[PDB]
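This is query_10.cif (mmCIF, C-alpha atoms).
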```
data_data
loop_
_atom_site.label_atom_id
_atom_site.label_comp_id
_atom_site.auth_asym_id
_atom_site.auth_seq_id
_atom_site.Cartn_x
_atom_site.Cartn_y
_atom_site.Cartn_z
CA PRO A 117 -5.13 -20.16 -9.00
CA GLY A 118 -7.75 -22.87 -8.55
CA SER A 119 -7.75 -23.69 -12.26
CA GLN A 120 -6.54 -27.21 -11.43
CA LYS A 121 -9.85 -28.43 -9.98
CA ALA A 122 -11.61 -27.68 -13.27
CA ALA A 123 -9.19 -30.22 -14.77
CA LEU A 124 -10.07 -33.06 -12.40
CA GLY A 125 -12.58 -35.72 -13.35
CA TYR A 126 -15.74 -36.22 -11.33
CA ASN A 127 -17.35 -39.39 -9.94
CA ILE A 128 -21.12 -38.83 -9.79
CA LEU A 129 -21.60 -41.94 -7.63
CA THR A 130 -19.39 -40.54 -4.86
CA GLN A 131 -19.25 -36.82 -5.77
CA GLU A 132 -15.45 -37.03 -5.48
CA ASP A 133 -12.69 -35.65 -7.68
CA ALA A 134 -10.83 -38.20 -9.78
CA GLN A 135 -7.48 -37.90 -11.48
CA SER A 136 -6.92 -35.03 -13.89
CA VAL A 137 -8.67 -35.23 -17.25
CA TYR A 138 -7.46 -31.94 -18.72
CA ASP A 139 -3.84 -30.88 -18.60
CA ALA A 140 -4.21 -27.94 -16.22
CA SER A 141 -0.61 -26.81 -16.86
CA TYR A 142 -0.54 -26.75 -20.69
CA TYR A 143 -0.45 -23.53 -22.70
CA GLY A 144 0.17 -24.68 -26.30
CA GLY A 145 2.78 -21.95 -26.70
CA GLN A 146 0.03 -19.32 -26.44
CA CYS A 147 0.08 -16.40 -24.01
CA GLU A 148 -3.58 -15.70 -23.32
CA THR A 149 -3.81 -13.77 -20.05
CA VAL A 150 -6.74 -12.92 -17.77
CA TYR A 151 -7.28 -9.57 -16.03
CA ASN A 152 -7.65 -10.32 -12.30
CA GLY A 153 -10.06 -7.57 -11.23
CA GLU A 154 -9.21 -8.09 -7.54
CA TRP A 155 -5.51 -7.38 -8.08
CA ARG A 156 -5.57 -4.40 -5.70
CA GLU A 157 -3.54 -5.09 -2.55
CA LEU A 158 -2.57 -2.39 -0.08
CA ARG A 159 1.11 -1.72 0.56
CA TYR A 160 2.62 0.91 2.85
CA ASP A 161 6.07 2.32 2.06
CA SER A 162 7.26 3.46 5.48
CA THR A 163 10.05 5.49 3.88
CA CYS A 164 7.51 7.45 1.79
CA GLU A 165 4.27 7.27 3.81
CA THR B 391 -22.84 1.87 5.94
CA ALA B 392 -22.10 4.82 3.65
CA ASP B 393 -18.42 3.98 4.17
CA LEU B 394 -18.84 0.48 2.73
CA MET B 395 -20.82 1.93 -0.19
CA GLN B 396 -17.89 4.28 -0.83
CA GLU B 397 -15.46 1.36 -0.67
CA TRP B 398 -17.64 -0.69 -3.03
CA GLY B 399 -17.91 2.13 -5.56
CA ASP B 400 -14.16 2.70 -5.36
CA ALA B 401 -13.57 -0.97 -6.14
CA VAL B 402 -16.07 -0.94 -9.02
CA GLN B 403 -13.65 1.22 -11.04
CA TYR B 404 -11.31 -1.78 -11.35
CA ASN B 405 -13.78 -4.63 -11.83
CA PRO B 406 -17.01 -3.12 -13.18
CA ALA B 407 -20.00 -4.93 -14.48
CA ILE B 408 -21.60 -4.06 -17.82
CA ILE B 409 -24.78 -2.12 -17.04
CA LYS B 410 -25.91 -1.01 -20.52
CA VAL B 411 -25.03 -2.90 -23.70
CA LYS B 412 -25.54 -2.09 -27.38
CA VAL B 413 -24.82 -5.20 -29.44
CA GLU B 414 -24.43 -6.23 -33.08
CA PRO B 415 -24.96 -9.81 -34.28
CA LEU B 416 -21.72 -11.72 -34.68
CA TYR B 417 -22.12 -12.23 -38.45
CA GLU B 418 -21.35 -8.53 -38.90
CA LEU B 419 -17.76 -9.51 -38.04
CA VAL B 420 -17.71 -11.97 -40.97
CA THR B 421 -16.04 -9.73 -43.56
CA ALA B 422 -14.49 -10.53 -46.94
CA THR B 423 -11.25 -8.96 -45.70
CA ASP B 424 -10.90 -12.14 -43.60
CA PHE B 425 -13.04 -14.93 -45.12
CA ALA B 426 -13.75 -16.42 -48.50
CA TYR B 427 -17.45 -16.69 -49.37
CA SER B 428 -18.13 -14.00 -46.79
CA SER B 429 -21.67 -13.38 -48.07
CA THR B 430 -22.49 -17.11 -47.96
CA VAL B 431 -21.17 -17.49 -44.40
CA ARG B 432 -23.03 -14.32 -43.35
CA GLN B 433 -26.32 -15.63 -44.75
CA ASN B 434 -25.77 -19.02 -43.12
CA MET B 435 -25.24 -17.23 -39.80
CA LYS B 436 -28.48 -15.28 -40.24
CA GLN B 437 -30.42 -18.50 -40.89
CA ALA B 438 -28.68 -20.43 -38.09
CA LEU B 439 -29.16 -17.57 -35.61
CA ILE C 13 23.83 8.17 3.97
CA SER C 14 25.36 6.87 7.19
CA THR C 15 24.45 5.07 10.40
CA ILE C 16 24.30 8.23 12.48
CA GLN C 17 24.13 7.72 16.23
CA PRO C 18 20.66 7.02 17.68
CA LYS C 19 19.14 8.95 20.55
CA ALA C 20 21.52 8.76 23.50
CA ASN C 21 19.98 6.01 25.71
CA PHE C 22 16.84 5.64 23.60
CA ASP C 23 14.01 4.28 25.76
CA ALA C 24 11.08 2.55 24.04
CA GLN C 25 9.09 2.83 27.28
CA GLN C 26 9.43 6.62 27.26
CA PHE C 27 9.11 6.90 23.47
CA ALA C 28 6.06 4.63 23.85
CA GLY C 29 2.62 5.99 22.96
CA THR C 30 1.24 8.62 20.62
CA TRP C 31 3.44 10.50 18.15
CA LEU C 32 2.32 13.02 15.50
CA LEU C 33 4.18 13.28 12.19
CA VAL C 34 5.11 16.91 11.57
CA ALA C 35 6.98 16.71 8.26
CA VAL C 36 8.97 14.40 5.99
CA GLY C 37 11.74 15.00 3.52
CA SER C 38 12.78 12.50 0.85
CA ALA C 39 13.39 12.02 -2.86
CA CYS C 40 10.56 9.44 -2.90
CA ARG C 41 8.60 10.69 -5.92
CA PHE C 42 5.12 9.81 -4.64
CA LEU C 43 5.69 12.42 -1.91
CA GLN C 44 5.38 14.88 -4.83
CA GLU C 45 3.78 12.83 -7.63
CA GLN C 46 0.25 12.76 -6.23
CA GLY C 47 1.95 14.37 -3.24
CA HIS C 48 -1.19 16.46 -2.69
CA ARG C 49 -3.74 15.48 -0.02
CA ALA C 50 -1.18 13.70 2.18
CA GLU C 51 -3.28 12.65 5.17
CA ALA C 52 -2.39 13.46 8.75
CA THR C 53 -0.40 10.57 10.25
CA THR C 54 -0.10 9.58 13.92
CA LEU C 55 1.86 6.76 15.54
CA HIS C 56 1.09 4.73 18.63
CA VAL C 57 4.41 3.24 19.77
CA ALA C 58 4.10 0.11 21.91
CA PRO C 59 7.18 -1.55 23.47
CA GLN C 60 7.49 -5.21 22.48
CA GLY C 61 10.60 -6.16 24.37
CA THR C 62 13.48 -4.34 22.73
CA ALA C 63 11.41 -3.97 19.54
CA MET C 64 8.25 -1.89 19.25
CA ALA C 65 4.93 -2.57 17.64
CA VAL C 66 4.10 0.73 15.90
CA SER C 67 0.59 1.43 14.57
CA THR C 68 0.39 4.26 12.03
CA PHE C 69 -3.20 5.57 12.05
CA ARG C 70 -4.08 7.42 8.83
CA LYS C 71 -6.99 8.34 6.61
CA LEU C 72 -7.34 7.00 3.08
CA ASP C 73 -10.28 8.74 1.37
CA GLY C 74 -11.63 9.15 4.91
CA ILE C 75 -11.28 5.42 5.55
CA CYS C 76 -9.25 5.33 8.78
CA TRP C 77 -6.40 2.80 8.40
CA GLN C 78 -4.06 1.40 11.06
CA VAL C 79 -0.78 -0.17 9.87
CA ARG C 80 0.71 -2.62 12.40
CA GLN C 81 4.50 -2.75 12.07
CA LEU C 82 7.39 -4.06 14.16
CA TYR C 83 10.43 -1.84 14.57
CA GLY C 84 12.55 -4.92 15.14
CA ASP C 85 15.51 -4.39 17.45
CA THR C 86 18.88 -4.48 15.71
CA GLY C 87 20.45 -4.85 19.15
CA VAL C 88 21.84 -1.33 18.85
CA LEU C 89 19.74 0.83 21.17
CA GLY C 90 17.48 2.99 19.01
CA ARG C 91 18.36 1.25 15.73
CA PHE C 92 15.65 -0.99 14.30
CA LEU C 93 15.09 -3.34 11.36
CA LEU C 94 11.73 -3.59 9.59
CA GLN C 95 11.64 -7.05 8.04
CA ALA C 96 10.56 -7.36 4.41
CA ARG C 97 7.56 -9.61 3.74
CA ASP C 98 8.95 -9.82 0.21
CA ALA C 99 8.52 -6.08 0.44
CA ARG C 100 11.04 -4.14 -1.63
CA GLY C 101 13.52 -4.41 1.24
CA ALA C 102 13.99 -4.07 4.96
CA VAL C 103 14.08 -0.57 6.42
CA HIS C 104 16.84 0.37 8.85
CA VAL C 105 15.31 2.87 11.29
CA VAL C 106 17.58 4.95 13.54
CA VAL C 107 15.80 7.04 16.16
CA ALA C 108 18.38 9.80 15.85
CA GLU C 109 16.88 12.27 18.34
CA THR C 110 13.91 12.62 20.64
CA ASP C 111 12.49 14.20 23.74
CA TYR C 112 10.06 11.50 24.72
CA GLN C 113 7.35 13.96 25.82
CA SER C 114 8.01 16.39 22.94
CA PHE C 115 9.63 15.42 19.65
CA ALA C 116 11.41 12.66 17.75
CA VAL C 117 13.52 12.75 14.58
CA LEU C 118 13.50 9.30 12.96
CA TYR C 119 15.96 8.30 10.23
CA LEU C 120 14.86 5.47 7.93
CA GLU C 121 16.73 3.86 5.04
CA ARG C 122 15.96 0.95 2.73
CA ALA C 123 18.35 -0.34 0.05
CA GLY C 124 20.37 2.82 0.69
CA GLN C 125 17.24 4.93 0.09
CA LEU C 126 17.01 7.27 3.07
CA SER C 127 14.17 9.30 4.58
CA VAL C 128 13.88 11.57 7.62
CA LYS C 129 10.70 12.38 9.57
CA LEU C 130 9.81 14.77 12.38
CA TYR C 131 7.32 13.46 14.96
CA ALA C 132 5.87 15.42 17.88
CA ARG C 133 3.64 14.73 20.88
CA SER C 134 1.79 18.05 20.44
CA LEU C 135 -0.10 19.93 17.71
CA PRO C 136 1.94 23.06 18.45
CA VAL C 137 5.63 22.38 17.87
CA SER C 138 8.44 24.71 18.88
CA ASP C 139 9.82 26.30 15.72
CA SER C 140 13.19 25.61 17.37
CA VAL C 141 12.62 21.86 16.91
CA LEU C 142 11.37 22.29 13.33
CA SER C 143 14.40 24.45 12.43
CA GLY C 144 16.65 21.79 13.94
CA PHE C 145 14.92 19.21 11.75
CA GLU C 146 15.56 21.46 8.73
CA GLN C 147 19.23 21.61 9.76
CA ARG C 148 19.44 17.81 9.98
CA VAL C 149 17.80 17.68 6.54
CA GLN C 150 20.51 19.90 5.10
CA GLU C 151 22.96 17.59 6.88
CA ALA C 152 20.87 14.81 5.35
CA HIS C 153 21.81 16.62 2.09
CA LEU C 154 18.10 16.63 1.15
CA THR C 155 16.86 19.92 -0.27
CA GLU C 156 14.28 21.89 1.67
CA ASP C 157 12.23 21.57 -1.53
CA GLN C 158 11.73 17.92 -0.49
CA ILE C 159 10.16 18.84 2.88
CA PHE C 160 6.44 17.94 2.90
CA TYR C 161 4.56 19.28 5.91
CA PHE C 162 1.42 17.24 6.77
CA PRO C 163 -2.02 18.72 7.51
CA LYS C 164 -2.46 19.79 11.12
CA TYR C 165 -5.83 18.14 11.79
CA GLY C 166 -7.84 15.11 10.78
CA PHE C 167 -5.84 12.54 12.72
CA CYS C 168 -7.62 9.22 13.17
CA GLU C 169 -7.34 6.57 15.87
CA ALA C 170 -8.63 3.02 16.27
CA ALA C 171 -9.11 2.04 12.62
CA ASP C 172 -11.85 -0.51 11.96
CA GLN C 173 -11.05 -4.20 12.29
CA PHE C 174 -11.35 -4.28 8.49
CA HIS C 175 -9.05 -1.28 7.95
CA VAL C 176 -5.92 -2.75 9.53
CA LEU C 177 -3.00 -3.98 7.43
CA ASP C 178 -1.70 -6.19 10.27
CA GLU C 179 1.68 -6.07 8.55
CA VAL C 180 3.66 -6.86 11.71
#
```

Is it possible to give me this structure as structure tokens?
Amino acid sequence: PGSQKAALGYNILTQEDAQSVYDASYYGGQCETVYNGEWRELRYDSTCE
Amino acid sequence: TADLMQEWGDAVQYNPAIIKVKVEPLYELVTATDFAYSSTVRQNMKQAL
Amino acid sequence: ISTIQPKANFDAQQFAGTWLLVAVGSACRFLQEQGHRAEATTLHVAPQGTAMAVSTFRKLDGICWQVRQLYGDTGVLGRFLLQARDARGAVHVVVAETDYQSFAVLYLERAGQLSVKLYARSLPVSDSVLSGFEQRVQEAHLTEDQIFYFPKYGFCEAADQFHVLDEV
């Protein structure tokens, strides 16, 4: 998430995002993953406590 | 609060920083098992580094 | 597994307020796998029309947590639906028995996975009630070996603003 903005071009005269430069959605058939260290998210199973 | 220090140290298990490091220079990975002219590449890396 | 009858004329306004979990029985493995150190659990039951907001107050490593949940009214008095927030499934909760100032025996099932819990208003509980619960567990067909009594003291109330799941 948020990887798309790294794709977008930049206009230094206005400090505004442009159109995409990089393809933010392209994987080249590779399956490089990234460990999201904040993955922890509390859940409560009422049936189990 | 001691509570928030407990919560922080709990969450460091899952997303720790690297406090101490012992490192070897990357040329030590350059090994004939993988690369032709391994010695030459190795030496080039030493010089370049 | 059946929709047993709820408490005859269940009343959320009488059942409202504090309830103390006495014991649970279920197959749910985590009750046994890391089943140790199960924290004391207490409910505040708040009428919300026919539904109730229920806050389970619990410790987690001494961090006091409150879980806000709606026992959504099915329209059958004393049968409730807990909506799934893309949780593993909604929980059908039948309040099968209670004395509103004394005890409640809540039946809960999700996806056909059933659990039964004894709640009380008081630290001391008549062994009569507990034995009755045991009976309904046998009738639940759950082994006694699946009964997990919860520690008598160390209840927590009023979890921090930051220690609330707000699950609703």

With distances taken over only C-alpha atoms, the candidate from C:22, C:77, C:27, C:112 nearest chain A is C:77

Determine the residue set returned by the PyMOL selection byres ((chain B) within 10 of (chain C)) for the present structure, and present it as a PyMOL selection string.
chain B and resi 393-394+396-397+400

Counting all atoms listed in the file, which residues of chain A fall within 12 Å of chain B, and what is the closest atom pair for each with its distance in Å at one decimal, ordered by chain and rising number, as CSV?
```
residue,atom,partner,partner_atom,distance
A:151,CA,B:405,CA,9.2
A:152,CA,B:405,CA,8.4
A:153,CA,B:405,CA,4.8
A:154,CA,B:405,CA,7.2
A:155,CA,B:404,CA,8.7
A:156,CA,B:404,CA,8.5
A:157,CA,B:401,CA,11.4
```

Go through chain C and flag each residue having an atom no more than 8 Å from chain A; for those, report the closest pair of atoms plus their distance in Å to one decimal, using all atoms listed in the file, ordered by chain and rising number, as CSV.
```
residue,atom,partner,partner_atom,distance
C:38,CA,A:164,CA,7.4
C:40,CA,A:164,CA,5.9
C:42,CA,A:164,CA,7.3
C:43,CA,A:164,CA,6.5
C:79,CA,A:160,CA,7.9
C:103,CA,A:163,CA,7.7
C:120,CA,A:163,CA,6.3
C:121,CA,A:163,CA,7.0
C:122,CA,A:163,CA,7.5
C:126,CA,A:163,CA,7.2
C:127,CA,A:163,CA,5.7
C:177,CA,A:158,CA,7.7
```

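Rounded to one decimal, atom CA of residue C:39 and atom CA of residue C:84 lie 24.7 Å from each other.
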
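Of note, atom CA of residue B:416 and atom CA of residue A:145 are spaced 27.7 Å apart.
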